[PDB]
Student: 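Can you keep this structure in mind? I'll have questions shortly.
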Amino acid sequence: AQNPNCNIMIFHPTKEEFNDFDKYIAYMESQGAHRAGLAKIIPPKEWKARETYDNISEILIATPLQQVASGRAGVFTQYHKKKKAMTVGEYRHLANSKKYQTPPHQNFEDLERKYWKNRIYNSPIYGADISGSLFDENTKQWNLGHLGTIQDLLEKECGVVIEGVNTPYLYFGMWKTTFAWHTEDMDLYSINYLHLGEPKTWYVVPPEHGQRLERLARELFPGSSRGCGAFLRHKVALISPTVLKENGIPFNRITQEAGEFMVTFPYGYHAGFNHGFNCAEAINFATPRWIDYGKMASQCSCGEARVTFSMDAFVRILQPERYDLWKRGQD
Ligand SMILES: O=C(O)CNC(=O)C(=O)O
Ligand SMILES: [Mg+2]
Ligand code: NI
Ligand SMILES: [Zn+2]
């Protein structure tokens, strides 16, 4: 069995290997990359996502989210308070202000220590989940707006044609902006490209150990657990590496820098934080190996998780028994 310790693998495809996205994902899996839940892909030196980032300031962040924490430094939840719209140029200035800017630090490890010590005492503002793309239309390789769609994958594998679309999302971050512990909708893959700016630190639990994280989360968030049998779908809970180590939960960590891709694999729980002003682009995708994970994915039916239009068909076809209850949660 390849990668039996479930380490995060880093790949350096050549320009030739970067042509066929599906084939390269299947290659990485042949080497055991999925066992970590997360992989890093450094693009060939010849590749670029677009020519420059000099003209992005007028993108609108219609609903910036202030991430307010409750709890203790290593075990907290966050809620998202909606703020007034602002442009990317306005948000970048805000991120660089004395109130929000990255503190002085020695290295990524020192910054990670400072994040876990101090995150809860501040409320950073995240421009998340903005439909759109920063890939140039002429970029033909690993262009996250030109991937094969999940609807077409389900149709190719299972023969059933379904409604829905699959488009990318932009994330504008600042110091301390935080992504809570989650797997993807329907335990899909994700791919994330850091277009510009400061790094993003990731934590990940191997898919084969995901239920260990869930059991810890039910212990640490006991009211939330009673409310919903899949409350991590709410994407609000944080647990620090120190707490994970104290409770014997297997995980790994890695820092993504600008110009790098990360792939999350089906049922790979992940969480993380931004080091400073940055912009990422991410999208869900599927492969044949996902189908079995989609069929088994947990679902939130309490009403909190509220998701895209396109998840309807995935539940309806892959999880017909759960469909009625889940749809009640959506309505
Ligand atoms: O970058 C972020 O805030 C969160 N991204 C992801 O969870 C991802 O790409 O799956
Ligand atoms: Mg612009
Ligand atoms: Ni994710
Ligand atoms: Zn729920």
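Residue numbers run from 1 in the order of the sequence given.
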Student: Evaluate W142 against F261 for ring-ring contact (aromatic ring centres under 6.0 Å, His included), listing each step before the verdict.
Tutor: CA-CA 9 Å; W142 289 54; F261 290 91; 5.1 Å; yes
Student: Flag yes if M186 and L232 sit in one hydrophobic cluster, no otherwise; membership is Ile, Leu, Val, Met, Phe, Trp, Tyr, and two members link when side-chain heavy atoms are under 4.5 Å apart.
Tutor: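 Yes, because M186 and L232 connect within a single hydrophobic cluster, where side-chain heavy atoms sit under 4.5 Å apart.
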Student: Kindly compute the distance separating CD1 (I61) from CZ (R92), expressed to the nearest 0.5 Å.
Tutor: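 So the CD1 of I61 and the CZ of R92 are separated by 10.0 Å.
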Student: Do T77 and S70 pair up side chain to side chain, a donor and an acceptor below 3.5 Å, judged on atom types alone?
Tutor: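 No - no donor-acceptor pair under 3.5 Å links their side chains.
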Student: Is there a donor-acceptor contact under 3.5 Å linking the side chains of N3 and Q31?
Tutor: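 Per modelled atom types, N3 and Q31 side chains form no pair under 3.5 Å.
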Student: Please list all pairs passing the salt bridge (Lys or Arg N to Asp or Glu O under 4.0 Å) test where one or both residues lie in residues 24-34, with sequence neighbours left out.
Tutor: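 Applying salt bridge (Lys or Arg N to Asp or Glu O under 4.0 Å) to every pair that reaches into residues 24-34, excluding sequence neighbours, yields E29-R289.
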Student: Working to the nearest 0.5 Å, report the span between CZ of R50 and CG of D136.
Tutor: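 CG of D136 is found 6.0 Å from CZ of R50.
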Student: Less than 3.5 Å apart, any donor N or O on the side chain of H182 or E184 sitting next to an acceptor on the other?
Tutor: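 Yes, a side-chain donor-acceptor pair sits under 3.5 Å.
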Student: With side-chain hydrogen bond (donor to acceptor under 3.5 Å, both in side chains) as the test, would you mind laying out the steps for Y269 and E214 before giving the verdict?
Tutor: CA-CA 9 Å; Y269 273 103; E214 293 173 350; 2.6 Å; yes
Student: Is it the case that the side chains of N96 and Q101 hold a donor-acceptor pair, with the cut-off being a distance below 3.5 Å and no angle test?
Tutor: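 No, because no side-chain N or O of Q101 sits under 3.5 Å from a partner of the opposite role on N96.
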Student: Does the side chain of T102 reach to within under 4.5 Å of the side chain of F277, using non-hydrogen atoms?
Tutor: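 No; the side chains remain at least 4.5 Å from each other.
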Student: If you look only at pairs with a residue in residues 163-177, which of them pass as a side chain to side chain donor-acceptor pair (under 3.5 Å), with sequence neighbours excluded?
Tutor: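 Every pair satisfying side chain to side chain donor-acceptor pair (under 3.5 Å) with a residue in residues 163-177: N122-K176, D129-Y171, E163-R316, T177-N274.
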Student: Can you name the ring pair (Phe, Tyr, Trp, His ring centres under 6.0 Å) partners of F179, sequence neighbours left out?
Tutor: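 Ring pair (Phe, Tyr, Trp, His ring centres under 6.0 Å) list for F179, sorted by chain: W202.
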Student: Can you tell me how far apart NE2 (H234) and OG (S224) are? Round to the nearest 0.5 Å.
Tutor: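 If I round to the nearest 0.5 Å, the distance is 8.0 Å.
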Student: Is a side-chain donor-acceptor pair under 3.5 Å present for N278 with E198?
Tutor: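 Absent: no donor and acceptor within the cut-off.
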Student: I'd like to know whether the aromatic ring centres of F285 and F21 sit less than 6.0 Å apart in this structure.
Tutor: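 Distance test on ring centres: under 6.0 Å, yes.
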Student: With a 4.0 Å cut-off, would you call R253 and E112 a salt bridge?
Tutor: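 Yes, charged N to carboxylate O under 4.0 Å.
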Student: Do the side chains of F18 and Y189 join up, straight or via other hydrophobic residues, at under 4.5 Å, putting them in one cluster?
Tutor: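 Yes, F18 connects to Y189 through the hydrophobic network.
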Student: If the plane angle is over 60° it's perpendicular, under 30° parallel, otherwise tilted; pick one for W181 and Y203.
Tutor: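 Plane angle between 30° and 60°, so tilted.
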Student: Would you say the rings of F135 and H146 are close, in the sense that their centroids are separated by under 6.0 Å?
Tutor: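 Distance test on ring centres: not under 6.0 Å, no.
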Student: So, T183 versus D187: side-chain donor-acceptor pair below 3.5 Å or not?
Tutor: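 Yes, a side-chain donor-acceptor pair sits under 3.5 Å.
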Student: If only side-chain N and O atoms count, and only distance matters, is there a donor-acceptor pair under 3.5 Å linking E260 with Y193?
Tutor: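 Checked: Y193/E260 side chains show no N/O donor-acceptor pair below 3.5 Å.
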Student: Keeping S123 on the side-chain end and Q66 on the backbone end, is there a donor-acceptor pair under 3.5 Å?
Tutor: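 Not confirmed, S123 side chain does not pair with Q66 backbone.
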Student: Pick out which of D185, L188, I150 makes a side chain to side chain contact (heavy atoms under 4.5 Å, CB included) with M311.
Tutor: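 Testing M311 for a side chain to side chain contact (heavy atoms under 4.5 Å, CB included) against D185, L188, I150 leaves exactly one candidate, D185.
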Student: Tell me yes or no: between the side chains of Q67 and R119, is some donor less than 3.5 Å from an acceptor?
Tutor: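 Not at all, the side chains of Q67 and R119 share no donor-acceptor pair under 3.5 Å.
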Student: Any link between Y27 and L147 through a network of hydrophobic side chains (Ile, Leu, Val, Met, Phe, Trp, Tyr) touching at under 4.5 Å?
Tutor: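 In one cluster with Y27: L147, yes.
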Student: Measuring centre to centre across the rings, with the benzene-like ring taken for any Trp, is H93 within less than 6.0 Å of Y91?
Tutor: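 No, ring centres 6.0 Å or more apart.
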Student: Give the ring-plane orientation class for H275 versus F273, where under 30° counts as parallel, over 60° as perpendicular and anything between as tilted.
Tutor: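 Taking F273 first and then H275, their aromatic rings lie parallel (interplane angle under 30°).
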Student: Taking atom types as modelled, is there a side-chain donor on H195 or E281 under 3.5 Å from an acceptor on the other?
Tutor: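 Checked: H195/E281 side chains pair up, N/O donor to acceptor below 3.5 Å.
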Student: When rounded to the nearest 0.5 angstrom, what distance separates OH in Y53 from SG in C279?
Tutor: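 It comes to 7.5 Å.
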Student: Look up atom CE in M262 and atom CG in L38, then write down how far apart they are to the nearest 0.5 Å.
Tutor: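 Rounded to the nearest 0.5 Å, the CE-CG separation comes out at 3.5 Å.
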Student: Are there over 12 heavy-atom neighbours, none belonging to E321, within less than 6.0 Å of that residue's CD?
Tutor: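 Open: at most 12 neighbouring heavy atoms sit under 6.0 Å from CD of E321.
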Student: If we only count heavy atoms from C-beta on, is the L94 to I125 side-chain gap below 4.5 Å?
Tutor: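 The answer is yes; the side chains approach within 4.5 Å.
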